[PDB]
Structures are given as C-alpha cells and as structure tokens.
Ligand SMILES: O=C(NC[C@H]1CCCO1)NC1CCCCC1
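Take a look at this one chain, the form solved without this ligand, written out in structure tokens.
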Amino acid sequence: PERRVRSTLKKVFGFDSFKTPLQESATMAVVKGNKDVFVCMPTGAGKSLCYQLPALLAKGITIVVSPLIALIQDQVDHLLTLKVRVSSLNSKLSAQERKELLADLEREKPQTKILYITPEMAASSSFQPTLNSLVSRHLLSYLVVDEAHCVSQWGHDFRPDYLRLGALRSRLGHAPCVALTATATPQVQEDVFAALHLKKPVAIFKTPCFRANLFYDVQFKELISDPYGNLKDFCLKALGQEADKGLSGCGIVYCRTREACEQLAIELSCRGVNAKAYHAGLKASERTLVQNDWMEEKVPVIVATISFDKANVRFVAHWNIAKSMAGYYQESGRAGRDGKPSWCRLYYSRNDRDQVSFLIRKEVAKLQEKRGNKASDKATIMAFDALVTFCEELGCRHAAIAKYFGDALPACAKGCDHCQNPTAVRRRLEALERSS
C-alpha cells in the first residue's frame, strides 16, 4: 500500500517524500513484486532507495549483489546508520563474523532484512548451501543487482561475475529481481535484460536524461570566422540572464588537450572574460587554486580539460568533441544543475573529429593489446560515432541524447538548437558540408 511504503520511507530513511516521482513508481513496482524491475538513475538520484525500501517493507529478505567490496560496505554502513537490519557477506568478513551472519540467516525469520553480497563469493561453493536454504524457505523476498551495466560488455565497466548472476537469477526464481545502473545505453539495457535472465515483464524506470533547463547547440568552428570570439559572446550571454543580475553564476569550458587548454584559458582571459585552466599540466597548487576560483565567483567562466560540481552552472562549452557521447553528456550535466536555464555548446571541427577519432583508434588498439575485449573495443568507437552523429543531426539534440540513452525522445517546445530556428542549424550543416 502507498501509505505503508510512505510511512516506512519516513521511519527508515527519514525521507518525508520521494526525491523523484519516477523513483517512487519504481519503488511501488518493486514492492508490488508482480514483475521484475530495472532502474537507470544517475548517482545521487536516489536509485538506492528504490531497492532499499522494498527490502525494508518486504516480508522476507532482499539479496543485493554489488561488484565492489567497498560499495557493499558503503551501502551496508549507510543502512546501519538508519538502524536497518543489514548484513554484508563478503570475503572481507571474518570466519567467525561470517558464521554469525549465516546463523542469523538460518533462523526461521532471518535477522538481516537486507543481505549484501559480493558476486564472486556468491558463486563460491561455501555460500551455495546458504543460498539454496534461503531459496527453499521462500525467505528471499527480492534480489537486487546493483551496477547492472557491468553484465554488458558494451557498458563502460564490465564484470564477468555479472554475466554469472544470470544463474543467480535463475535460482531463487520466486523472488522478483531489481537491476540497477547509473547509465545504460539501449544496447546495455538489452544486455542486462538478456544476461540477468530477468522476467519477461520489466519496467525500465530510467529517469529521462532530458532536462528542460538545458540548451544543447553544436556550433561549427569552421563556419565561424573567429570561434574564440563566439565563445566569448556565448559566455557573456550565458553568465547573465537578468540585466539587473548582470554577470552571475559560473560556466565551464572543456579542452581535448591539456597543454593547449592553458593557451585557451589565457586567450579567453585576454578576450575580456577572466578564466583559468584546469588540467594535469598545471601544477597541483594552481589546479586547486583554479578549482576554488571556479567554486567561487572570482572567475566568471573556468576552463578545464576533458577530465574534471557546482550548485548552479550558467553553461558548459566544449571546444572539442568529447571522447565519448556519454562522456559529453556527463560533462554537460554540470550545466543547469540549478533550476535556472543553462546553455551547453559543442564546437565541432572536421580536423578535431579526425584527431579525436585517431585518439579513439589508439585507445581501441591499446584495448586489443591489453584488454582483449572486442565488444568493448567496438563500444568505445560506437560511443564516439554516436557523439559525432549527434553532432551532425538536423534534429532535436535532446532527442538524440535520449536515443543514445534510450529514453523516449523529448520534445523541446523551445530552448533547443534544432527545435528553434531549425533551418539555421541546417544551414550551418550545409556550410559544414561545403567546407568539407
């Protein structure tokens, strides 16, 4: 019941109301138990609560399998801080403590409401008697697979144990299963659905990556005579939306190369807008100084490399195409963190695209040399291809981002490069074709 889950959420996690409505629906679906559940919510979006609360309110016990020992310990400690009866069965646990946890499990009603487990030892022969004892007694109310993307090779991070967890789902079938992930491409979604042996009916419960307060546009460097002047104008316009407000908030600028990024920062400083460079090339003390300046209002817009949060960000500009489409989305997510509208820009270049594709080729060659994973090797270049295709698409850029993440394509009434003055973006694309 809705009232029961509401009261349980307030009593356990001290949460008066769910942070998101979609996560509330996901929690309803999981506690219902009629069908398996999937969730793709970004870190810090309450994805944990979706699987924690049903376990709290479940008549049995919920097994939560997570790839890292540290992650398991962090979740268990977080729930213990909430006075929740949780256990952590892992190799890190001692023999006596492990036996005590097993004794707790063997009780008629297991003392540990939520049992976290590391997948590698979950396949261990020692755990299997406990696992099938749990299965026979029908005490396993739910199963949870955190970091579900690890099962898919196409995912950024992969775990073969997560391929095995299809077997664990085959076991304990009576218990509904909840797969959880931070970001999941539709390829990743299908890999998770087929590998974990999840039930035929599943609710994806993925938060729409689209944010109404975002403005995605991809200007062409070759099209603009002085792209640095264009970035100066974009920074000036985005820093202030209210004439009385004037310059406010702060933006971010991303660089493909650390060394050229310092030159970029100094020449934007001379442009009239003060900025600082953040990259490995810069000394650590200076890196911290520029980070602090960005966190404060001292620097209107900061300049950083591809590698790195603020309460409110005015804009996130990408002087060069990001290494991966998901990487570009993550970097642009910093923009529009607050409710105030924010603008995200990407400065394409055919030469820059060739350079980035060469970098991706070197990366995939290194993967083949060491990783030896053809699927992920093709996945990286597929992400780069998706980013570029998003770049040269005479369509809603939010729609393309949603397609890459697989969520239903948003429709931007306004505030999107294509959704307003689309013909202008198409003319820019035609000029790009004319140039190359």
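Heads up: residue numbers just count along the shown sequence, starting at 1.
FYI, the form deposited with this ligand bound isn't displayed, but the following is about it.
Participant: Taking the pose of this ligand in the entry with it bound and superimposing the site C-alphas, would you call this form open or blocked (blocked if 3 or more ligand atoms are within 2.4 Å of a backbone or C-beta atom)?
Facilitator: If you fit this ligand onto this chain using the C-alphas around its site, the pocket comes out blocked.
Participant: Please check if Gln128 has a heavy atom lying within 4.5 Å of any heavy atom of this ligand in the entry with it bound.
Facilitator: No, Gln128 sits far enough from this ligand in the entry with it bound that none of its heavy atoms falls within 4.5 Å.
Participant: Consider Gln330 of the chain shown here, and say whether it contacts this ligand in the entry with it bound, taking contact as heavy atoms within 4.5 Å.
Facilitator: Answer yes; at least one heavy atom of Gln330 falls within 4.5 Å of this ligand in the entry with it bound.
Participant: Contact between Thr183 and this ligand in the entry with it bound at 4.5 Å, heavy atoms?
Facilitator: Yes, contact at 4.5 Å.
Participant: Heavy atoms within 4.5 Å of this ligand in the entry with it bound: does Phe405 have any?
Facilitator: Output for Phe405 is yes: heavy atoms within 4.5 Å of this ligand.
Participant: Here the chain is shown alone; which of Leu101, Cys209, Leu239, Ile306 has a heavy atom within 4.5 Å of this ligand in the entry with it bound?
Facilitator: So the residue touching this ligand in the entry with it bound, by this definition, is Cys209.
Participant: Name the residue from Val356, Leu139, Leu223, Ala326 that puts a heavy atom within 4.5 Å of this ligand in the entry with it bound.
Facilitator: It is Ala326 that has a heavy atom within 4.5 Å of the partner.
Participant: Select, from the options 357 to 365, 183 to 191, 264 to 272, 279 to 287, the stretch whose residues sit within 4.5 angstroms of this ligand in the entry with it bound by heavy atom distance.
Facilitator: Checking each option against the 4.5 Å cut-off leaves 183 to 191.
Participant: If you look in the entry with it bound, which residues in 15 to 49 sit within 4.5 Å of this ligand (heavy atoms)?
Facilitator: Heavy-atom contacts within 4.5 Å come from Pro42 alone.
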